[PDB]
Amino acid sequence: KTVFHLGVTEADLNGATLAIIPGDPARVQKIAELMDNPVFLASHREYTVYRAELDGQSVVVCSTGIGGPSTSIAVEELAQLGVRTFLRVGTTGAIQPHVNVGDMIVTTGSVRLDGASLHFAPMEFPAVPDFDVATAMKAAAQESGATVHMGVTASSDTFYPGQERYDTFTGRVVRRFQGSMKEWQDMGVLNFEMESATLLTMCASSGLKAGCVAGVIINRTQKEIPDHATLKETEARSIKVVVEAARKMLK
């Protein structure tokens, strides 16, 4: 009756069938307060859960933590409680020079550099969003005035070697990932993050609608530090966008 990790029951969600799923627990209240009647439900580990109302309909907001494994738990347990549509909002590192800090990326497919996706579908299966969710996210992102990019995201189980970072304790990257950032760049991949491959694969193979939208907080090719106000505005815009995408999905 109460799911194992999230600490909520189906009745606690007041009929919600849509969830907004940021990674950071501290972002949950910030998203919920953009909607009506936000109420804290539970916090356990990296999972902070609020309910709110959007155009009269109940919406969940639930953090996922970093990575596919923790994300997979939250999605499963929300689905046990009746949630069928999942909107991820997150941050990302662009790897294309034409993408600027402050722009928004809607993922059309993920490079599966994770492990949890394989626990739902073999590697051949595409990590792709639900087309209605991606469509709603693009429209919401455009309506906010942001420059919006649609494209492929590389989704890594690590922050460091799987994103080909060398400024580390060992300074090494395993053979698999040596030269990988240039390979993705040349294949037109827009950005790196750590959860979309798991989220999209598990939802596309399980009868759940999912999509991902993110604000760009860094460009791996532009070694300049983005303006502070710009970072804060991007954060605020990203969560405005995801709430407006949720509105479009509720009709």
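So that the term is clear: the rigid core is the largest set of C-alpha atoms that superpose within 1.5 Å between two forms. Numbering starts at 1 and follows the sequence shown.
Across the superposed structures in 8 other deposited structures of this protein, aligned by the core, the stretch whose Cα atoms lie more distant on average is 214-222, chosen from 214-222 and 201-209.
Across the other compared structures of the same protein with both neighbouring residues present, residue 240 carries coordinates in every case, with no third of them leaving it out.
Modelled in this chain, residue 24 is likewise resolved in all the other entries of the protein that span it on both sides, not missing from even a third of them.
For the pair 109-117 and 163-171, the mean B factor over Cα atoms is greater in 163-171.
Taking the mean C-alpha B-factor of each stretch as recorded, 93-101 and 118-126 are not equal, and the higher mean is that of 93-101. Comparing C-alpha B-factors across 225, 210, 213, 28 in the deposited entry, the largest value falls on 225. Comparing C-alpha B-factors across 61, 190, 200, 54 in the deposited entry, the largest value falls on 54. Residue-level temperature factors show residue 147 in the highest third of its chain, judged at the C-alpha atom. In the PDB entry, residue 141 places in the highest third of its chain by CA B-factor. For residue 194, the recorded CA temperature factor ranks within the lowest third of the chain's modelled residues.
Among all modelled residues in its chain, residue 41 ranks in the middle third by Cα B-factor.
Ranked by C-alpha B-factor against the other modelled residues of its chain, residue 204 falls in the lowest third.
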